[PDB]
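Following: one structure in structure tokens, then a few remarks.
Protein chains: 2
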Amino acid sequence: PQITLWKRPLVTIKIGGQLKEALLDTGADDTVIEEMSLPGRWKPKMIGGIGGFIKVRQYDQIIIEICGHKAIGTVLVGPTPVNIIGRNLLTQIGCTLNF
Amino acid sequence: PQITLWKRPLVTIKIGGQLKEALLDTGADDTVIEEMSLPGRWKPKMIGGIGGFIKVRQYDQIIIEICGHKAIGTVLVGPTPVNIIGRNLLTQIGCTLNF
Ligand SMILES: C[C@H]1CN(S(=O)(=O)c2ccccc2)[C@@H](CCc2c(F)cccc2NC(=O)CC(c2ccc(F)cc2)c2ccc(F)cc2)CN1
Ligand SMILES: [Cl-]
Ligand SMILES: [Cl-]
Ligand SMILES: [Cl-]
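These protein sequences, in sequence, are chains A and B.
Heads up: the first sequence begins at 1 in my numbering, then just goes up one per residue.
Heads up: the second sequence begins at 101 in my numbering, then just goes up one per residue.
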């Protein structure tokens with residue numbers, strides 16, 4: 001698909017058996033999801049920018065379905081104000097910026 | 101151009117006759133640049149990031165060139181960690197997300 005940017009590019013995703021809304025963010029290196037349970041090992045990480053930093057749990061090798069496209073990668077879980085799909089997963093679905 | 105997301109989507113911008121590097125960010129509603137002098141009056145604005153809200157200065161109808169494409173619009177100035185081109189200007193240059 002082609003997504004315009006008149007409004008926030010929010011899409012439905014499937015992660016850990018749950019349907020969630022997430023923002024496609026070209027300006028995020030990593031994917032960050034609001035508090036939820038995920039399987040496997042995790043390690044702590046700090047991520048931040050505007051308004052400072054937050055502590056998150058880093059889970060590796062997590063499968064996500066974004067607009068019918070399956071992708072696998074690291075997912076950070078923590079107190080983010082919005083679910084964010086970062087470049088680590090946007091590359092896997094072949095997402096590009098065009099102008 | 102078509103920009104892939106294996107690296108951060110950093111481009112050259114020109115604002116106030118100066119070249120700067122900025123990130124194309126589909127996850128940002130607005131454009132925010134690091135401290136610099138802009139003409140005219142400014143208005144107060146709060147923007148929310150991953151860690152909370154920050155105060156910035158809102159300047160309107162500012163001329164800015166993004167990757168060679170001319171735009172004229174709102175530019176926020178504040179303590180952002182990187183210069184960010186948000187949807188207000190990405191729409192002006194005809195930027196879309198495609199997969
Ligand atoms: C370059 C980084 C800079 N920041 S970040 O927080 O520092 C960060 C740094 C490292 C990792 C993750 C995030 C982000 C954009 C922030 C931003 C601007 F920069 C300029 C102008 C506006 C805004 N904010 C929004 O538009 C609100 C919006 C939002 C998106 C991401 C977010 F995290 C927090 C909030 C939103 C809120 C609620 C909701 F329901 C839906 C969407 C992402 N790109
Ligand atoms: Cl990854
Ligand atoms: Cl590619
Ligand atoms: Cl604008």
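Where a beta carbon is used, it is the ideal one built from N, C-alpha and C, also for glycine.
Exercise. Please confirm whether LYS20/A and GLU34/A have their CB atoms less than 9 angstroms apart.
Key: yes
Practice problem: Could you name the residues that DSSP lists as bridge partners for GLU34/A? | Solution: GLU34/A pairs with nothing; no bridge assigned.
Self-check item: Chain-ordered neighbours of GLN102/B on chain A, where CB pairs are closer than 8 angstroms
Solution: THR96, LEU97, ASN98
Quiz item: By the criterion of Cβ-Cβ separation under 7 angstroms, what are the contact partners of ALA28/A in chain B?
Solution: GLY127
Quiz item: Does any heavy atom of ligand 1 sit closer than 8 angstroms to the C-beta of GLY51/A?
Solution: yes
Quiz item: At a cut-off of 8 angstroms, is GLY194/B close to ligand 4 when judged by its beta-carbon and the heavy atoms of the ligand?
Solution: no
Practice problem: Please list, in chain order, all residues of the same chain as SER137/B whose beta carbon is under 8 angstroms from its beta carbon, the five residues on each side excluded. | Solution: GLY116
Quiz item: Going along chain B in order, which residues have a C-beta closer than 7 angstroms to the C-beta of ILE84/A?
Solution: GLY127
Quiz item: What residues in its chain sit with their C-beta under 7 angstroms from that of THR12/A, if we drop five residues either side in the sequence?
Solution: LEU19, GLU21
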